[PDB]
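# Observations on the model geometry
What follows is the residue order along each chain.
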Protein chains: 2
Amino acid sequence: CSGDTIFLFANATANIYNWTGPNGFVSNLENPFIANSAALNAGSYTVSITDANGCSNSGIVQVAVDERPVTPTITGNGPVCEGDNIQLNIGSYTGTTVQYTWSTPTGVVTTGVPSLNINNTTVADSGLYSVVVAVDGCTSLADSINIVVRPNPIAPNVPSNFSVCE
Amino acid sequence: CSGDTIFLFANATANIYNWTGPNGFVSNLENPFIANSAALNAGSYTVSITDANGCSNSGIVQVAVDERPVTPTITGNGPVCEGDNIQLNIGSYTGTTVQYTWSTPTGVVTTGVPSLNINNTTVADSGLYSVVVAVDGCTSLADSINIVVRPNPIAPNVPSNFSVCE
């Protein structure tokens, strides 16, 4: 996935190695690597091997660079009451397959929708929530939000039943 | 990291040096350099050496240029009271690994989240806050914000217990 280091392997011995790739990549190493990988290095890499007797052969490796989704920002609905509902929102992600994985104070849930909805909120839902988004195999760094849900106040004291005279 | 000077090294003697690189980079120096480095100079650089007897050899160095995150702007929540909470926000950064390092009047804290939250604020929290963001090894220049937190007022004088006649 993009940003990490591409490790290429010849999977063969040689006295001399010659690699050629998409952006003028050149190497004479066995199993060389490319730092800070980005999409412009995706493509066909050629391995050319020369042996001890001066004879040679070759082969091709197709190297993909997967796109890394950007960390989402969780948008909440502010502090809530026990008698309330919690909604968290994420900006949409696209791809062949998108999974939103959420960690909540009560467990882990998943969805195909960039949102989370807790109805009939309770104080047990107080705590940190976080979301990590996986798009076609690349996992974003998760975001975290603090959701505060407090209990409903107790009915106030009112003077007990009484009577007055006209 | 981008914007600084690339220093290349041949790590070998020669009578004649010949360097070739990604954007038509050409040099005849031992250990040449590229000023104001930017991503379009990342790539494979070739070193070609000719010795005293007229014979030659070569080698390849893979040069990365890391992306420099932009200095964040710290957004605060305005002046606060002792009986209050401080929240600072940063725009999100992405990468393989992102660390937000914060300096506060009471010490240094870190997080993986572009935010800072001080609950139960006290006057000891008055002062400058600053944040530096490190993304995959490149460190941004830090921003600084002045957060002002003042003590709660003292209960006012009210006349002492007294009595009046109907």
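Residues numbered from 1 in each chain as written, not as in the entry; some residues may be left out. Chains lettered and ligands numbered in written order. Part of a larger assembly, values for the part shown. Heavy atoms only, no water.

Method of structure determination, per the deposited record: cryo-EM was used for this entry, reaching 3.8 Å resolution.

You'll find chain A entered in the PDB entry as The grappling hook protein A in the bacterium Aureispira sp. CCB-QB1, with Aureispira sp. CCB-QB1 given as the organism.

## A short note on the packing of aromatic side chains
Residues and elements named next belong to chain A. So the rule is basically this: Pairing of aromatic rings covers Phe, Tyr and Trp, the last counted by its six-membered ring, and requires centre-to-centre distances within 6.5 Å; plane angles under 30 degrees mean stacked, over 60 mean edge-to-face, and any other angle means tilted. By definition, any uninterrupted DSSP run of H or I lasting at least four residues is a helix, any uninterrupted run of E lasting at least two residues is a strand, and each is numbered from the N terminus. In this scheme, a residue with accessible area under 20% of its type's maximum is buried, one over 50% is exposed, and one in between is partly exposed, where area comes from a 1.4 Å probe on protein chains only.
What the rule picks out here adds up to 6 aromatic pairs over all chains. Judged by centre distance (5.5 Å) and plane angle (35°), the ring pair of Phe7 and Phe33 falls under tilted. In this pair, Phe7 is assigned in strand β1 (residues 6-7) and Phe33 in strand β4 (residues 33-34), connecting sequence segments 26 residues apart. The class for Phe33 is partly exposed, based on a relative accessible area of 44%. On the basis of an interplanar angle of 65° and a centroid distance of 6.2 Å, the ring pair of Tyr93 and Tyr100 is categorised as edge-to-face.

## Here's the deal with the environment of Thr75 of chain A
All names here are of chain A. Filter applied, for reference: We call two residues in contact when some of their heavy atoms are within 4.5 Å.
With respect to the helices and strands, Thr75 occurs in the loop between β6 (56-63) and β7 (80-81). Its relative accessible area of 46% is what places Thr75 among the partly exposed residues. Through-space distance from the C-alpha of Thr75 to that of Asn18 is 51 Å; in sequence the pair is 57 residues apart. Aside from chain neighbours lying at most four places away, what touches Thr75 is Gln87, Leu88, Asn89 and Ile145.

## Section: the sheet that holds strand β3 (residues 25-27) of chain A
All names here are of chain A. What counts here: Only when DSSP finds a minimum of two bridges between them are two strands counted as paired. The convention used is that axes are lines fitted to C-alpha atoms, helices contributing only their stretch in contact, and that angles between N-to-C directions extend from 0 to 180 degrees.
Read across the open sheet, the 4 strands follow the order β3-β2-β5-β6; overall the sheet is antiparallel. Whereas interior strands pair on both sides, the edge strands pair on one side only; in this sheet they are β3 and β6. Averaged over all adjacent pairs, the angle separating strand axes in this sheet is 15°, with direction ignored. Here strand β5 (residues 43-50) runs beside β6; their pairing, made up of 8 bridges, is antiparallel.

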